[PDB]
Every structure is written in structure tokens, then in C-alpha cells.
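There are 2 protein chains.
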Amino acid sequence: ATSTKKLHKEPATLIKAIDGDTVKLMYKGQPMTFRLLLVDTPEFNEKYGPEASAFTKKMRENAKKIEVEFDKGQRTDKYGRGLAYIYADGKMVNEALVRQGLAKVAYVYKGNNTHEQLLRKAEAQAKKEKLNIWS
Amino acid sequence: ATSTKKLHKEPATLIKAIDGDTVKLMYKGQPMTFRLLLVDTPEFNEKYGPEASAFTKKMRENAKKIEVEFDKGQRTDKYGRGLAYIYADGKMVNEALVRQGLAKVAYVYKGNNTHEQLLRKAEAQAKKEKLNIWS
Ligand SMILES: Cc1cn([C@H]2C[C@H](OP(=O)(O)O)[C@@H](COP(=O)(O)O)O2)c(=O)[nH]c1=O
Ligand SMILES: Cc1cn([C@H]2C[C@H](OP(=O)(O)O)[C@@H](COP(=O)(O)O)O2)c(=O)[nH]c1=O
Ligand SMILES: [Ca+2]
Ligand SMILES: [Ca+2]
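For the protein sequence lines, the chains are A and A', in the order given. A prime marks a further copy of an entry chain. Mind the numbering: the first sequence is residues 1 to 43, 50 to 141 in the deposited numbering, read in order. Mind the numbering: the second sequence is residues 1 to 43, 50 to 141 in the deposited numbering, read in order.
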């Protein structure tokens with residue numbers, strides 16, 4: 001019967017965004033996952055985890071230019087991720103996350119802490135304003 | 001010397017978008033790749055390939071709601087991809103691509119051709135307007 005031939009729409013959603021302190025990029029011919037130096041965003051299932059992922063996706067998606075800046079030490083972590091400061095039209099993602107209270111300054115290792123004080127300043131300002139993680 | 005401690009920014013880019021006739025979605029708890037029924041976008051290295059990928063990404067990224075609609079036949083192709091019509095706020099991605107001359111109507115198989123004439127109408131209109139593939 002013609003009445004039984006109609007189709008039906010079902011729900012779907014986007015695939016879960018990766019944690020906000022990580023970003024996938026093509027660097028010198030290589031897709032790779034970068035882990036953002038000196039910061040930690042919460043896990050997906052923790053308060054601010056999805057907001058931090060959304061924030062980094064927004065920064066990456068809107069950027070006319072993305073740049074990677076390695077520090078003086080190791081270029082990868084023990085999980086094989088690239089370790090860098092990531093910039094979106096000249097604005098450092100690692101600093102913005104901290105400035106908005108969506109990441110804490112964390113994972114400070116020798117040789118890879120050039121921007122430590124810069125990020126601590128951003129964190130202090132997020133705390134003073136009681137933003138997100140600091141609210 | 002303090003002068004040699006400065007870091008340097010290097011180029012990076014987004015990872016290549018997937019072909020415009022495919023979309024990755026979470027469906028009933030499962031991330032999977034859907035191949036859009038009844039259409040074919042060009043390959050990445052063919053004219054309109056990147057424009058078609060960009061178009062589908064734009065539709066998926068802006069949607070408040072995404073829906074999947076299977077046809078009456080096979081739910082997967084021989085590559086293990088889901089076969090469906092994909093809608094973004096009620097607008098069918100498969101039809102839009104064809105309507106803009108970014109995909110041709112193609113891969114018409116028995117049991118999975120419910121929207122064949124709808125898509126042929128969209129294609130005829132893209133051709134009449136000499137859009138993209140038809141220019
Ligand atoms: C940022 C950073 C993380 N890591 C490691 C420390 C943690 O692994 P261990 O717990 O095994 O020590 C992990 C946290 O990353 P995530 O916050 O992405 O989970 O990544 C580094 O080794 N170097 C770094 O610079
Ligand atoms: C759309 C569609 C494609 N396919 C197969 C046909 C082509 O594989 P064969 O060339 O091995 O026959 C391939 C084209 O997909 P792509 O355009 O994604 O490359 O996908 C189906 O089997 N069923 C379908 O409905
Ligand atoms: Ca983390
Ligand atoms: Ca194709």
C-alpha cells in the first residue's frame with residue numbers, strides 16, 4: 001500500500017568534542033593531536055569540561071590563522087601528543103582558557119614553562135572575577 | 001643569554017574536512033560515518055570537492071537539530087557506512103548539495119531510492135542555473 005512507504009526521521013547528534021586542552025591540527029604535513037602546555041581543562051564529565059571543549063572549538067573554528075609555538079624542551083608528552091602553545095589569530099588559546107576560568111595552570115615541567123607567569127597572571131584575574139571554575 | 005630564550009610561532013592548519021557526501025554523527029549511542037543516499041560529491051582533489059565538504063560542514067555545524075532518515079532497504083553500504091538522508095533543522099543535506107550543484111544524483115540502488123525524483127528535480131534546477139558542477 002502507498003501509505004506504508006513513507007520514511008521517518010530520527011534523532012542524531014554531533015560526536016563529542018575533544019577536551020578543551022587538546023586540539024587536532026595539521027602541522028608540517030602531519031595530522032596530530034596537540035596537548036596545550038601549562039594548562040588543564042576539566043574532563050568531559052566534570053563541571054566546565056564541556057564548556058572548555060566548546061570554547062577551544064570556537065577559537066579554532068573562527069580563526070583565520072592558527073599557529074603552534076613549541077617551548078624549549080620536549081615537543082611531545084608521554085602519550086605521544088605534541089606539546090605547544092596554540093594561537094588563533096595571534097591570541098593564545100592556552101592563556102584564553104585560563105583567563106576565562108575554563109582551565110587551571112597545571113603540569114608545570116622543567117624546560118617547558120616559558121609562559122608560566124603569563125598564565126598565572128591570567129589565572130589570578132579569572133579568580134579575582136570568580137569566573138567559571140573559580141565562581 | 002636571555003635573548004636566545006624567546007619562542008617562535010609556526011604555521012598549522014585544520015585537518016582536511018571529510019568529503020561533503022559523508023557526515024560523522026552519534027546515532028543511538030554510536031559514533032558512525034553516514035554516507036548520504038543518492039548523491040555523489042567530488043573527491050577532495052576534484053573541482054568542487056572542497057566546496058562540497060565546506061558546504062556540508064557548514065550545514066552540520068549551524069544546525070540546532072540533526073536528524074537521520076533511513077530508506078526502506080539496506081542501512082549500510084559495503085564499506086560499513088550508514089546509508090541515510092540527513093536533515094539539518096528540517097532541511098535535507100542530500101537535496102541541498104544537489105540543489106547547489108555541489109553533488110550529482112548518483113548510486114541509485116533498489117530499495118533505497120525513495121527521494122530519487124525529489125533529488126532529480128533539485129539537480130535539474132542546479133543545471134538550469136548552471137551552478138558549480140553545471141557551470
Ligand atoms: C600538559 C602535560 C600533560 N602531561 C601528561 C600528565 C598526565 O599523565 P599522567 O596522569 O599519566 O601523569 C596527562 C594529563 O593530560 P590530560 O589532562 O589530557 O588527561 O598528560 C605531560 O606529560 N606533559 C604535559 O606537559
Ligand atoms: C551512496 C552509495 C555508495 N556506495 C558505494 C559505491 C562505491 O563503491 P565501489 O566503487 O566499490 O562500487 C562507493 C562510492 O562512495 P564515495 O563517493 O564515498 O567514494 O560507495 C554504495 O554501495 N551504496 C550507496 O548507496
Ligand atoms: Ca585535562
Ligand atoms: Ca563522493
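Think of the CB as a built atom: it goes at the ideal place given N, C-alpha and C, for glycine as much as any other residue.
Do you know how far the Cα of residue j is from the Cα of residue i?
i	j	result
residue 23/A	residue 89/A	11 Å
residue 148/A	residue 29/A	In the structure displayed, chain A extends from 1 to 141; residue 148/A sits before or after that span and is not available.
residue 129/A	residue 73/A'	41 Å
residue 104/A'	residue 76/A	44 Å
residue 97/A	residue 127/A	16 Å
residue 61/A	residue 20/A	7 Å
residue 84/A'	residue 35/A'	11 Å
residue 99/A'	residue 119/A'	16 Å
residue 102/A'	residue 59/A'	13 Å
residue 92/A'	residue 37/A'	9 Å
residue 68/A'	residue 114/A	37 Å
residue 31/A	residue 15/A'	6 Å
residue 42/A	residue 55/A	5 Å
residue 137/A	residue 2/A'	35 Å
residue 220/A'	residue 33/A'	The question about residue 220/A' has no answer, for chain A' in this structure spans 1 to 141.
residue 124/A	residue 139/A	19 Å
residue 40/A	residue 107/A	11 Å
residue 71/A'	residue 63/A'	14 Å
residue 6/A'	residue 51/A'	39 Å
residue 122/A'	residue 10/A'	48 Å
residue 95/A'	residue 78/A	48 Å
residue 132/A	residue 57/A'	40 Å
residue 53/A	residue 141/A	11 Å
residue 18/A'	residue 134/A	43 Å
residue 116/A	residue 8/A	58 Å
residue 25/A'	residue 112/A	33 Å
residue 80/A'	residue 80/A	50 Å
residue 4/A'	residue 65/A	30 Å
residue 87/A	residue 12/A	30 Å
Taking DSSP's pairing of strands, which residues face residue i in a bridge?
i	result
residue 50/A'	Looking at the DSSP assignment, residue 50/A' forms no beta bridge with any residue, so it has no partner.
residue 27/A'	30/A'
residue 36/A'	90/A'
residue 82/A	88/A
residue 145/A	The requested residue 145/A is not part of the displayed model; chain A covers only 1 to 141.
residue 22/A'	35/A'
Along the beta strand (DSSP E) that carries residue i, what are the first and last residues, could you check?
i	result
residue 88/A	88 to 94
residue 74/A	72 to 75
residue 12/A	10 to 12
Run through DSSP, which three-state label would residue i get?
i	result
residue 4/A	helix
residue 62/A	helix
residue 97/A	strand
residue 67/A	helix
residue 17/A	coil
residue 117/A	coil
residue 137/A	coil
Starting from residue i, follow the alpha helix (DSSP H) in both directions and report where the run begins and ends.
i	result
residue 125/A'	122 to 134
Give the residues from the segment 1 to 13 of chain A' that approach chain A closer than 9 Å (Cβ to any Cβ), ordered along the chain. 5, 6, 7, 8, 9, 10, 11, 12, 13
Note down, in chain order, all residues in the segment 56 to 69 of chain A' with a beta-carbon under 8 Å from any beta-carbon belonging to chain A. 66, 67
Give, in chain order, every residue of the segment 91 to 118 of chain A whose Cβ lies closer than 7 Å to some Cβ of chain A'. 93
Contact residues within the segment 75 to 86 of chain A, judged by C-beta distance below 8 Å to chain A': 75, 76, 77, 78
Residues in the segment 22 to 37 of chain A' with C-beta within 7 Å of chain A's C-beta atoms, listed in sequence order? 24, 25, 26, 27, 31
The segment 116 to 137 of chain A: which residues have C-beta closer than 7 Å to a C-beta of chain A', in chain order? 120
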